[PDB]
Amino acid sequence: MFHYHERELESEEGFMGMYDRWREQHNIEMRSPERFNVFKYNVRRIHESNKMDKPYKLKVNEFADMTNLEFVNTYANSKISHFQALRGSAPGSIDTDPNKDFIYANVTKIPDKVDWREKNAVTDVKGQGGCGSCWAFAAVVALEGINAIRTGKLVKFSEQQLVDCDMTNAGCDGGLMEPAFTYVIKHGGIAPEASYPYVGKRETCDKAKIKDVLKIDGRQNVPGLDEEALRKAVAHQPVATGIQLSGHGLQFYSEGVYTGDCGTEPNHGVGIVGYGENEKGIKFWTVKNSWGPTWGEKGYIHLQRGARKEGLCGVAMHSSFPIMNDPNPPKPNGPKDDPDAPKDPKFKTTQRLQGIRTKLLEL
């Protein structure tokens, strides 16, 4: 981290010294009155925020000399909300064939705290760069997670293969995570990162780098505007979802639970790797970002959980996960497996029930 004293803010000389010290500490070759002005703007705002009674803290990070408009347009431009409107359902929407429903809909015994990083199902924090590829990054957090859970082997997958090969999405201009998993099903799998390394710019789909693939059985969307449905999914595997990471407070987030203001128009894809509740009673989501370990809490953000119907920053708007069919399904114990329980509860698709009757009358 970068530290400073309150007085460096009182004078232009003290502030200029602090600018150049920050520049040296983060290896910024730029040294301009404009950039110095932006630094002053951002630092005063961090300073003012940290003075408040907030559950979260901000730090003078490597992005300190970028305006938030510059920041967002370089690091948070995957246009998730935009692409969801063009080729997708409104948050909350129900399935086409309401059975297949939501695989975790009926789970009962779930932990109060989950952290997939502790259950060896989370790779290191990655960096996306100027490329609006976060839909690929988020999809990969979910893909790495389920593979690690099902195989016991933690393997880093290719966001680059998704950027280059997934033509249903818009490469570095953005896209959606659900069509990314559909790509992984339809195109025979996702290669490891060692095989298809990340460049940070769209390139030609190289099928010669696509090997040692992870094949998935399916994909599903978590029912939207339901943070409990999201909690139920996260409890089983990391979930891919969009968020609005716009604003100074998110550009400089360092630690604690982010409870601050944010819009509900997702623009950046992230992977939810866990959840819990801190000592002060604040419920949160442990979110893995693609802005390197230099941002937030070693690359993570503990975002407030249970705050809005859509979730803080629209976390519970458009969430989804890849499916790898459970080889050993559990297990509760009670109630009895109902033979009269319908295969379709709306009795529209089928009249068939889950079992057959043994006790039979002549009529």
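Throughout, we count residues from 1 along the sequence that is shown.
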Please figure out whether residue 336 and residue 337 are truly consecutive in the deposited sequence or have unmodelled residues between them, and give none, 1 to 3, 4 to 9, or 10 or more. none
For 321-329 versus 37-45, entry-based mean Cα B-factors point to 321-329
Residue range whose averaged C-alpha B-factor is higher in the record, 99-107 or 256-264: 99-107
C-alpha B-factor winner, where the candidates are 287, 245, 205, 230: 205
Chain thirds of CA B-factor: placement of residue 115: lowest
Among all modelled residues of this chain, ranked by Cα B factor, put residue 93 in the bottom, middle or top third, i.e. lowest, middle or highest. highest
Of the three thirds of its chain by CA temperature factor, lowest, middle or highest, which one includes residue 302? lowest
Ranking the modelled residues of this chain by C-alpha B-factor as given in the entry, is residue 250 in the lowest, middle or highest third? lowest
Sort the modelled residues of this chain by their C-alpha B factor and say whether residue 276 lands in the lowest, middle or highest third. lowest
